[PDB]
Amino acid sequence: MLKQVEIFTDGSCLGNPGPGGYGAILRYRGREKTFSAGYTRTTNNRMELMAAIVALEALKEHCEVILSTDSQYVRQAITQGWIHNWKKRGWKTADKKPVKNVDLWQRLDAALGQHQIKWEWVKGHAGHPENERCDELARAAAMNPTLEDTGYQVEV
């Protein structure tokens, strides 16, 4: 009832780097909206991040969110406060080089600022139906890609 919009996300690739896809589920006022897209060439990390972003950027109202994901990459960054680090030094590293996937981190941070979120880190699909499903969606879009991941940069 007095319920938080619920978001579940998953992203992956067939070969890293290679065609990749995402799957996200948004669950609010009795309704549930899924999203999924395939990318001709990207990385796992990128897809993991992109599912969270697309999901959140879809909320048109200040929500209270519970975001469940098995992503090691987002867990790493959140739990370790990397976004707060980066932000303070203008999104650059030691090197004075732009942070990796800065395009996506900016996007996420921008979404973090509007909502109240609670991260739920999941391990394995057992007892986690919606994550399993996001997985299927992701692997499915990854096969019939239709988008370019413009932010995807060879170099490193």
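We number the residues from 1 along the sequence you see.
In this crystal structure, the stretch out of 51 to 59 and 116 to 124 whose C-alpha atoms carry the higher mean B factor is 116 to 124. Residue set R107, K100, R41, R31: peak C-alpha B-factor at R31 (per PDB entry). When the CA B factors of the chain's modelled residues are split into thirds, the value for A24 lands in the lowest one. Among the modelled residues of its chain, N144 has a C-alpha B-factor that falls in the highest third according to the deposited record. When the CA B factors of the chain's modelled residues are split into thirds, the value for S68 lands in the lowest one. Among the modelled residues of the chain, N85 sits in the middle third by CA temperature factor in this PDB entry.
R46 sits in the lowest third of its chain by CA B factor, as recorded in the PDB entry.
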